[PDB]
Number of protein chains: 2
Amino acid sequence: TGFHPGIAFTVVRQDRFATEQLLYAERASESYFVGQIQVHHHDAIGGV
Amino acid sequence: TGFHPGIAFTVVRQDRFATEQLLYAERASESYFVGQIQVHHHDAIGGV
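Method information in the entry identifies cryo-EM as the source of the structure, with 3.7 Å recorded as the resolution.

Asker: Which residues make up the overall build of chain A, and what are the values?
Answerer: Within chain A one finds 0 helices and 0 strands. A principal-axis box enclosing the C-alpha atoms of chain A has dimensions of 75 × 45 × 15 Å.

Asker: Explain unusual backbone geometry to me, and be specific about the residues and the numbers.
Answerer: At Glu-26 of chain B, a position not held by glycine, the phi torsion is positive, near 60°. One non-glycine residue, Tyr-32 of chain B, adopts positive backbone phi at about 60°.

Asker: How would you summarise the pattern of salt bridges if you had to cite specific residues and measurements?
Answerer: Two side chains bearing opposite charge may form a pair once their charged atoms approach each other closely. All names here are of chain A. Going through the model one piece at a time under the given rule, you end up with 2 salt bridges over all chains. Measuring nitrogen to oxygen at the nearest pair gives 2.6 Å for the salt bridge that ties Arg-13 to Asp-15. Look at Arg-13 and you get exposed, because its relative accessible area is 72%. Residue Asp-15 is classed as partly exposed on the basis of its relative accessible area of 47%.

Conventions and cut-offs
- Residues numbered from 1 in each chain as written, not as in the entry; some residues may be left out.
- Chains lettered and ligands numbered in written order.
- Part of a larger assembly, values for the part shown.
- Heavy atoms only, no water.
- Residues with missing side-chain atoms left out of burial classes, pairs and counts.
- Helix = DSSP H or I, 4+ residues; strand = E, 2+ residues; numbered from the N terminus.
- Salt bridge = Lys/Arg side-chain N within 4 Å of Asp/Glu carboxyl O.
- Buried < 20%, exposed > 50% of the residue type's maximum accessible area, 1.4 Å probe, protein only.

Okay, here's the thing in structure tokens:
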């Protein structure tokens, strides 16, 4: 009906936005070790 | 009560235990030919 009772409210809402970021890195920041490769045969959907 | 009626009984029991054999050979016996070891490879998964 529109009769305002003796009570108040506070609302909360959460949104999200896609943004563009920016990265900076030093010279000697990470050490990288790469390995070797291994093959695996397996029955595929039609072949291997 | 401990009364002994007109009846007698006989009891049977059964037991089991392990024993050795101590066989003898009497050489100049089975020839036991041998030879031609065969290797048979077949891929199952991952490797051979």
